[PDB]
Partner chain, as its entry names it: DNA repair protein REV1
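A single chain comes next, written as C-alpha cells; it is the form solved without the partner chain.
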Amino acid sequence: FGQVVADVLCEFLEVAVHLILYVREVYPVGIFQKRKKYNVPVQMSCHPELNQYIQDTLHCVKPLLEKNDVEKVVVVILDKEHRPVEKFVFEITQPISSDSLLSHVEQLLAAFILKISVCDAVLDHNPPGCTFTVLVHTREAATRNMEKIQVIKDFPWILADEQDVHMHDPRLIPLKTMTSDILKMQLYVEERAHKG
C-alpha cells in the first residue's frame, strides 16, 4: 500500500524537479526534450549524469516515504555565492489498496505540474549562475533515517547546515494544494526578498 503511494510521489517529484530546473533556467534549454507525463507536456533533461543524480536522490527518499517519515521535500535554488534564493517546498501529509482512486490521485498531480510550468509568471528571475539541491525534512528527528537513507552507497546524504536552509526574508507564494483520502501535498515557493 503505502509503498505504491511512494512510487507515485517519487515518480511525480522526479518530473517536477526536471520541470522546475527548466522553468527556472537552472540549466540551458538544449539539454531538455519535451515529453508528456500526467497527460501533459513537460521538459525532461537528457543529461544522464543529471538524470542519475535525481533518480538517485529520489531512490533514497522512497523508503522514508513508505514509512511517512518525510514531511517536506524541498528543491532549493542557490546562486553563485551559494545562498538559497528560491525553494520549492512540497509539503506532504499521508493518512487498503485501491485502483481508479490511485489513477485519480495520480492524474490530479498534473494540476501541480501545470503550476510549475507557468510559475515564472509569478516569480522574479534568478541571477545568472544558479545551482540546486534537494532537502528532505523528516517528521521525526533525522537519524534512524540516517542509516536507512543511504540506500545507494556512493550516493551519501549528510545533515543540513543552517547555511543550506537559511534565508530571511522570504516571500511565500502558493501554487497548488490537493487532498485525497490517501495523500495531501501542497507545493509553494519561498523566495528571497532580494535575488539581485
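Numbering follows the first chain given and starts at 1.
The next section is about a form of this same protein that is not shown, the form solved in complex with the partner chain.
- Taking non-hydrogen atoms only, residue 173 approaches the partner chain to within 4.5 angstroms in the deposited bound form.
- Residue contact check for residue 118: none of its heavy atoms lie within 4.5 Å of the partner chain in the deposited bound form.
- Among heavy atoms of residue 114, none comes within 4.5 Å of the partner chain in the deposited bound form.
- Along 30-48, a non-hydrogen atom within 4.5 Å of the partner chain in the deposited bound form is carried by no residue at all.
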